[PDB]
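Heads up, the thing below is written out as structure tokens.
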Amino acid sequence: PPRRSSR
Amino acid sequence: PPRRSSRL
Amino acid sequence: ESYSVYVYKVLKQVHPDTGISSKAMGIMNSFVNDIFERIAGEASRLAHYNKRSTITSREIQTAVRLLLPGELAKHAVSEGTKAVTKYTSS
Amino acid sequence: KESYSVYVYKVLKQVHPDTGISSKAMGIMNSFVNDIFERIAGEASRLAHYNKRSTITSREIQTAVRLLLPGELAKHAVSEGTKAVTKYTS
Amino acid sequence: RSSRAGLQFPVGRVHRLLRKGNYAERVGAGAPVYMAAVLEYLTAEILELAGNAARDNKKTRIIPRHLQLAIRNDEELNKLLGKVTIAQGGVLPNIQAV
Amino acid sequence: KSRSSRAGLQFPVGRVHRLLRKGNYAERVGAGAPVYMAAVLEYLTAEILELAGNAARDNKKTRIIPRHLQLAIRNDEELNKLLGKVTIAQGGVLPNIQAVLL
Amino acid sequence: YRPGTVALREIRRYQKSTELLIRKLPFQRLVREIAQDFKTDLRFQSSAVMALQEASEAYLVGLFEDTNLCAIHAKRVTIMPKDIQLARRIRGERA
Amino acid sequence: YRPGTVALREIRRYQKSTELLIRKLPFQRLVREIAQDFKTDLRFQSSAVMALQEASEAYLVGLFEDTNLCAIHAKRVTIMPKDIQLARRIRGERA
Amino acid sequence: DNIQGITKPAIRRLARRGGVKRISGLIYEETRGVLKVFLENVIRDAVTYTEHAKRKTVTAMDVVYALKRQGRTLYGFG
Amino acid sequence: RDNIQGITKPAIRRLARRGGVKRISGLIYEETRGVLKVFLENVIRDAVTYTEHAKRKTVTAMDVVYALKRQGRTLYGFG
DNA sequence: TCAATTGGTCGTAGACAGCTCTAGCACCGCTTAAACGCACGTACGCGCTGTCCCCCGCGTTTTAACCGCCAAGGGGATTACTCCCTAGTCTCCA
DNA sequence: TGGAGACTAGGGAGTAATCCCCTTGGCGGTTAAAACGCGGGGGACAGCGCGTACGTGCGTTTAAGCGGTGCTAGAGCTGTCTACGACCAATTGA
């Protein structure tokens, strides 16, 4: 579960 | 004497 | 001045297998130390303007909304308000 | 910072004895003095911070003046500041 | 303090920096938490685009070139870092059509 | 006597001292910093007022208005560099037409 | 008068005055329209709208000064939207 | 080769690189010659000169971008000193 | 809706103050868009400063500060 | 003396090519040399002001970084 | 081994309730100054054609940048005396 | 009712000494880059023609601006009082 951005 | 600048 | 450990650690949770050059982290240290001084100078102003003597999360919120563009502010404010909720949660 | 209207009036009195000044021109002169004050004082604060110093003194103000004021304006402003401190110390 | 917020950036160091930087006579309690959450989010946002640029170049490390390539190709980060020079970063490949 | 008349100034060095000590610039403020700041502020004020009163007298007026301040600043290269990002309200522009258009 | 000495007379007239060249009521209405997109039931000081107009007109006059330079650079006396775009791109307003 | 193809290849070559395009020793001597007018016997950290070179090269590349825009504005391909002057004046560097 | 209240005569007056001799017909809509963007940028910051102080009216200082932070300091409004 | 000629024409057109320029006039090289001299004189003056305020004699990369900040150009990567 | 946290006073900074009166808004009427629409002509933008000069590409020659590798000394960080320095406080009528 | 004068005390900065590092200076070799000449060609600039879009003037319309009237939101200032951050002491681990 890599930390990604919702932008 | 008015306060007159010496600047260019 | 040196945020190298935390820039490394955030890197591992977004790109676990990717590294950073010495010059590339000497750059992110400059970025962090620049944006910190941007927010802490706008929030310092926002406290003086209201004749206020303490800087709060409200002023950090307002400084972030003034400095960061568009959807960066919307997504940085939503993360600042979530880390304080968790910081002060029993 | 409440106003420099009295003092701008005295300076105008001693510079142009007959010429008066408008009420809107005085607001602009007060804005000018408040802006230049902020510019010199903020640079002096940054100067003290870079040197790890907790006091702002005549050297910080003069170096901020030299950094901010352009050309011969800086030379003459430095001379007037120096003369004022020299006469005040005496 | 960093663990409670669920952050990785140092809330205590941000606190000490805010107090030493004479930004105000007093510094609150959620101010360092908010500031660290803001700096860490921005750091993670740059470090994702630069690192996507590293795979787009078939690299396993991030260099100033990748950071510049990520910042200038993002409108928000480009506007934020618009007057910023990145050392050894180059420029965005761009030729006008005359 | 007064701290401004001690230095031979007209700007209030006591007021500049209070503003320096209240603005969160440093933990401490030296003794000559308010005097130096007051002297530099007075010198710049005197420069702008002298040039503004000269410009107003070139318009056959006996009162400085913001137009005269703008004329004085924009016609001086050093003051133009100083106030180069400053908008003067009710100041107008320098009268300048390009030589091509004429 | 031919086509273009009245333009020079107008340049001389408006470069000599310091008035506000935009009518106050429509500009105030525009300021209120734009502000309503951010906050609802927003009130304004008269000095606030006057400061906005004083800043906007100076910004537009300064931008026209650069648009004119871009027009002279292209061997033209008519300013065109491409001149505005070049001036704005060079001063970094919007690439 | 036809005049221009090698130019485009050179543009592509130097636009994907990140190295400094000025030789370091001549730039160092220029920097010391300039600094000699402000203070004598001035030492320089190697990182100081490197920072000066990085800033100067980024500044010149960014200025050449604007100069190229001014060249294209005048329906030309060759950049002339006219274009540099226009870019610098609109940027506020000049009058 | 009130962007057409910045009339063509007004834009032409602003251009003549800038020294412009001839004005093309497509200039007026471009100027309206540019003014709209400028006013939006300033007013957003001014309203941010207004809501921060928990006020409901936008103060002249709120505009002056929203201009200071875009590098357009304005003298005369305190 | 005459160290501005060390910024040679090939280096100037290398910077121009990085700036996306196809053709260059022969008078561009002197104009670029003058522009670079102006920029460097403006930066190395604030840098030396920062150096003399510290009562130092070596110009530090931090002095250059601050002198660039003073002119609105932030530099990343030098501390 | 010092920094990052924790626990407990204390005093003041700031939140909240309550007036106060300023000024911001909403509206109307009159005047008229300014905007708008149209008709017209001409000047200017733009599209060609042609000249020729200056820039580019390339093949030699030269030059000095760059890279190691020594040698010396200035001068930038430190660390402990030393005192002069400003913040703080009280009086106080300009 | 603010800043000026006169003490008191802690401590921030000035000073002398040390120490080592890093900046400068020299030298030699190699070769990569700069410089120089030459030969075209393509792009800059000038001249000309055309046509259309912009300035100009005139007549009509329409809201801007000014001068009043009135109402009330809310900015601004007290007054209270509590809760939150500064400060200090423990404390314990990365």
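A quick note on method: Cβ atoms are made from the backbone with ideal geometry, for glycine too, and the neighbour counts reach across all protein chains shown. Rule-based calculations on the coordinates, nothing more; no lab input.
Brief remarks follow.
- Relative to the longest principal axis of the Cα atoms of chain J, the long axis of helix J:28-53 makes an angle of roughly 0 degrees.
- The simple spin-label model puts a point 7 Å past each Cα toward its Cβ; for residue F:60 and residue C:48 those points are separated by 4.6 nm.
- Shielding score for J:63-73, defined as the mean number of other chain Cβ atoms within 10 Å: 5
- For the protein assembly as shown, a Kirkwood hydrodynamic radius built from all Cα pairs, placed in the Stokes-Einstein relation at 37 °C and 0.692 mPa s, yields a translational diffusion coefficient of 118 µm²/s.
- Listed residues D:53, D:66, D:39, most fluctuating in chain D (Gaussian network, C-alpha, under 10 Å): D:53
- Farthest positive-ward along segment C:1-82 dipole, Cα basis, beta-carbon charges - from C:66, C:55, C:40: C:55
- Label point distance in nm, residue H:13-residue B:6, each placed 7 Å from Cα along Cα→Cβ: 5.8 nm
- Separation between Cα centres of segment F:33-102 and segment E:37-89, rounded to whole Å: 44 Å
- Ordered by the count of other Cβ atoms within 10 Å of each Cβ, fewest first, C:34, J:2, J:46 give J:2, C:34, J:46.
- Average beta carbon contacts from partner chains per residue of F:9-21, 10 Å cutoff: 4
- Cubic angstrom per residue, convex hull over Cα atoms of segment H:22-90: 106 Å³
- Rounded to the nearest 10 degrees, the angle from helix D:5-15 to the longest Cα principal axis of chain D is 80 degrees.
- 12 Å reach of a label modelled at residue H:37, 7 Å along Cα-to-Cβ, counting backbone N of segment J:41-70: J:41-45
- Listed residues I:65, I:48, I:27: farthest to the positive end of the dipole of chain I (Cβ charges): I:27
- Local net charge near residue I:55, Cβ-Cβ under 9 Å (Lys/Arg +1, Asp/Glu -1): +1
- Max mean-square fluctuation residue, GNM over chain F, Cα-Cα springs under 10 Å, options F:86, F:13, F:40: F:86
- Packing-based exposure ordering (other Cβ within 10 Å, fewest first) of H:1, F:36: H:1, F:36
- Using the alpha-carbon positions of segment F:3-63, Rg (one decimal) and Dmax (whole number) come out as 15.4, 50 Å.
- Highest average first, the peptides D:6-19, J:55-68 ordered by how many other beta carbon atoms sit within 10 Å of their residues are J:55-68, D:6-19.
- Evaluated at q = 0.12 Å⁻¹: base-10 log I(q)/I(0), Debye formula over Cα of chain J: -0.47
- Between the helical axis of C:22-49 and the longest alpha-carbon principal axis of chain C there is an angle of about 0 degrees.
- Counting Cβ atoms of other protein chains within 10 Å of each residue's Cβ and taking the mean over peptide F:72-78 gives 3.
- Residue-averaged 222 nm ellipticity for chain H, from DSSP H runs of 4+ at -39500 (n - 2.57), nearest 500: -21000 deg cm²/dmol
- Listed residues G:82, G:39, G:24, most fluctuating in chain G (Gaussian network, C-alpha, under 10 Å): G:39
- For residue F:1 and residue F:94, the difference between the fully extended length at 0.36 nm per residue and the C-alpha to C-alpha distance is 29.1 nm.
- With R₀ fixed at 51 Å, the C-beta to C-beta distance from residue C:5 to residue I:29 puts the FRET efficiency at about 0.40.
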